[PDB]
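The residues making up each chain are set out below.
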Amino acid sequence: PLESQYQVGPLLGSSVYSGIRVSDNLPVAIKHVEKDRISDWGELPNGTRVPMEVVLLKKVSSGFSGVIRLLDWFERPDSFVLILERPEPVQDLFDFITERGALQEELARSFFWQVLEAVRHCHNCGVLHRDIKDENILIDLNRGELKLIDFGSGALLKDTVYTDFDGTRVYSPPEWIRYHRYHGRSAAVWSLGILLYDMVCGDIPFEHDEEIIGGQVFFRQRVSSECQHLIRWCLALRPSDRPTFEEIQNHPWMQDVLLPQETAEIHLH
Amino acid sequence: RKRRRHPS
Ligand SMILES: O=C(O)c1scc(Br)c1Br
């Protein structure tokens with residue numbers, strides 16, 4: 001019972017539909033994925049061959065966190081359908097930055113901190129997202145909580161080298177651009193530096209390969225010296241020179257973060 | 001310059 005358990009509404013993007021669970025009127029998002037277009041396949045704790053996205057979502061689904069929750073899924077002849085919990089009201093972080101421009105550092109701090117906690121949660125669950133970007137972050141405008149979405153480019157986390165990548169190139173690290181190789185955590189930290197710059201400057205720093213490998217970060221907005229330092233550290237050209245997640249969260253710019261509800265009341269309501 | 005989304 002798939003069409004009987006959810007009322008399907010309008011297209012949110014692409015193929016993802018707004019919907020409501022009939023059992024309790026819970027807002028959901030209904031994501032359809034064509035079998036023919038699936039890159040990596042995995043097996044569930046049952047041996048059922050499913051899209052890796054499903055595997056990764058079940059591994060991070062445990063509990064409450066800043067990660068989108070997979071509520072259910074179904075297999076169809078030519079597709080899989082994914083049922084995700086949908087915040088309401090919501091805006092994704094790309095549209096938010098487009099409308100607001102560069103974010104006040106207090107707000108960027110709260111947002112960036114929540115993305116850090118969410119990505120730590122992924123890594124604790126054995127999952128590498130591989131496509132951190134403002135487009136893949138939802139803001140619950142009433143609760144002030146961020147949610148990481150779209151694990152369609154993710155992978156199981158491992159300590160050895162990755163040689164495949166299907167995320168967003170302008171958030172990919174120079175070792176991928178130059179050598180088509182990267183390690184998971186240090187590549188994640190690079191994308192987080194791109195995201196932090198995006199937040200405090202109003203757009204990402206690099207559009208072209210030469211910029212990505214060039215190692216120069218120009219600040220187009222007024223940005224505090226502490227924040228600039230964190231960004232430049234996350235964007236170190238050598239992966240081993242980048243900070244760990246713990247070093248990011250202990251950085252002086254990251255202290256005295258607002259709680260989510262404070263964030264909503266001060267900046268979103 | 002123009003701000004734009006980037007595909008995966
Ligand atoms: O609009 C979108 O692309 C998506 S993907 C998962 C959710 Br929940 C949503 Br509201």
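Engineer: Break down the packing of aromatic side chains for me, with residues and values.
Structural biologist: What describes a pair of aromatic rings is the distance from one ring centre to the other and the angle between the planes of the rings. Residue and element names in this part refer to chain A. Summed over the entire model, instances satisfying the criterion amount to 10 aromatic pairs over all chains. Ring plane angle 40 degrees and centroid distance 5.1 Å describe the contact between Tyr197 and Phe219, whose orientation is recorded as tilted. Of this pair, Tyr197 sits in helix α5 (residues 184-201) while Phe219 sits in the loop between α6 (209-214) and α7 (225-234), and the two are 22 residues apart along the sequence. Judged by its relative accessible area of 0%, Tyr197 falls in the buried class. Given the relative accessible area of 11%, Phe219 is considered buried. Through a chain of ring-to-ring contacts, three or more aromatic side chains come together here, namely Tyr162, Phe165, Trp176 and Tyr182. Against the face of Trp253 rests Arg109, its NZ or CZ located 5.0 Å from the ring centre.

Engineer: Requested: an account of the pattern of salt bridges, with residues and values cited.
Structural biologist: Taken as a whole and assessed by the stated rule, the structure comprises 18 salt bridges over all chains. Close ionic contact of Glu135 of chain A with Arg5 of chain B constitutes a salt bridge, the shortest N to O distance being 3.2 Å. Given a relative accessible area of 14%, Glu135 of chain A falls into the buried group. Salt-bridge contacts for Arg143 of chain A lead to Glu145 of chain A; the nearest nitrogen and oxygen are separated by 2.9 Å. Residues participating in the shared-partner salt-bridge network are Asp92, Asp95, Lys133 and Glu135 of chain A together with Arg5 of chain B.

Engineer: Break down the interface of chain A and chain B for me, with residues and values.
Structural biologist: Listed by partner, the interface residues are 21 residues for chain A and 8 residues for chain B. With 5 residues, the top contributor of residues to the side of chain A that touches chain B is helix α2 (residues 93-100) of chain A.

Engineer: So, α5 of chain A: which residues are in play, and what are the values?
Structural biologist: For α5 of chain A, spanning 18 residues, the distance from its first C-alpha to its last is 26 Å, which sits close to the expected 26 Å at 1.5 Å a residue. With 17 of its 18 residues buried, α5 of chain A lies for the most part within the structure.

Engineer: Now, about the site of the ligand: what can you tell me, with residues and values included?
Structural biologist: Residues and elements named next belong to chain A. In the neighbourhood of the ligand, the contacting residues comprise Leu12, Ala29, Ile68, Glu85, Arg86, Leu138 and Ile149. Expressed as a share of its isolated accessible area of 320 Å², the protein-covered part of the ligand is 81%. For the shell around the ligand, the class distribution of residues is 5 nonpolar, no polar and 2 charged.

Engineer: So what's going on with the domain arrangement of chain A? Residues and values would help.
Structural biologist: All names here are of chain A. If you check the domain split of chain A, you get domain 1 (1-88) and domain 2 (89-269). For domain 1 and domain 2, the distance between their C-alpha centres works out to 25 Å. Residue-level contacts link 15 residues of domain 1 with 23 residues of domain 2. With 6 residues, helix α1 (residues 52-60) is the single largest residue contributor to the side of domain 1 that touches domain 2.

Engineer: Explain the sheet that holds strand β10 (residues 137-140) of chain A to me, using residue names and the numbers behind them.
Structural biologist: All names here are of chain A. Strand order in the open sheet made by the 3 strands is β8-β10-β11, with antiparallel pairing throughout. Here the strands that pair on one side only, and so sit at the sheet edges, are β8 (90-92) and β11 (145-148). Direction aside, the axes of adjacent strands within the sheet are offset by 30 degrees on average. Across 3 bridges, the pairing between β8 and β10 is antiparallel. Its bridge partner being in β10, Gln91 is matched across the sheet by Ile139. Packed onto the sheet, α2 meets β8 and β10 and runs at close to 85 degrees relative to β8.

Engineer: How would you explain the UniProt feature "active site" in chain A if you had to name every residue and give the values?
Structural biologist: Residues and elements named next belong to chain A. Sequence positions flagged by UniProt for "active site" are, in local numbering, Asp131. Looking at where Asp131 falls in the secondary structure, it is placed in the loop between β9 (127-128) and β10. Among the residues examined, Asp131 registers a relative accessible area of 2% and is labelled buried.

Engineer: I'd like a description of the packing of helix α3 (residues 105-124) of chain A against α5 of chain A, backed by residues and values.
Structural biologist: Residues and elements named next belong to chain A. α5 packs onto α3 with a crossing angle of 160 degrees between their chain directions and a minimal axis gap of 10 Å. The angle between the axes of α3 and α5 places the two elements in the roughly antiparallel class. Relative to α5, α3 is oriented so that their crossing is right-handed. Two secondary-structure elements touch here, α3 through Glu105, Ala108, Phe111, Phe112, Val115, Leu116 and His123 and α5 through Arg185, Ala188, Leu192, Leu195, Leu196, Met199 and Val200. Residue composition of the contact of α3 with α5, by class: 11 nonpolar, 1 polar and 2 charged.

Rules used throughout
- Residues numbered from 1 in each chain as written, not as in the entry; some residues may be left out.
- Chains lettered and ligands numbered in written order.
- Heavy atoms only, no water.
- Residues with missing side-chain atoms left out of burial classes, pairs and counts.
- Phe/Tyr/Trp six-rings, centres within 6.5 Å; stacked < 30°, edge-to-face > 60°.
- Helix = DSSP H or I, 4+ residues; strand = E, 2+ residues; numbered from the N terminus.
- Buried < 20%, exposed > 50% of the residue type's maximum accessible area, 1.4 Å probe, protein only.
- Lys NZ or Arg CZ within 6 Å of the ring centre and 35° of its normal.
- Salt bridge = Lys/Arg side-chain N within 4 Å of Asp/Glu carboxyl O.
- Contact = heavy atoms within 4.5 Å.
- Expected span 1.5 Å × (residues − 1).
- Near = heavy atom within 4 Å.
- Areas by Shrake-Rupley, 256 points an atom, 1.4 Å probe, with all protein chains shown as cover.
- Nonpolar A, V, L, I, M, F, W, Y, C, P; charged D, E, K, R; others polar.
- Domains from an automatic or database assignment.
- Pairing = 2+ DSSP bridges.
- Axes fitted to C-alpha atoms, helices over the stretch in contact; angles between N-to-C directions.
- UniProt positions renumbered as here; feature names shortened; annotations may be inferred.
- Parallel < 35°, antiparallel > 145°, perpendicular 65-115°, else oblique.
- Left-handed = near helix turned anticlockwise from the far one by under 90°.

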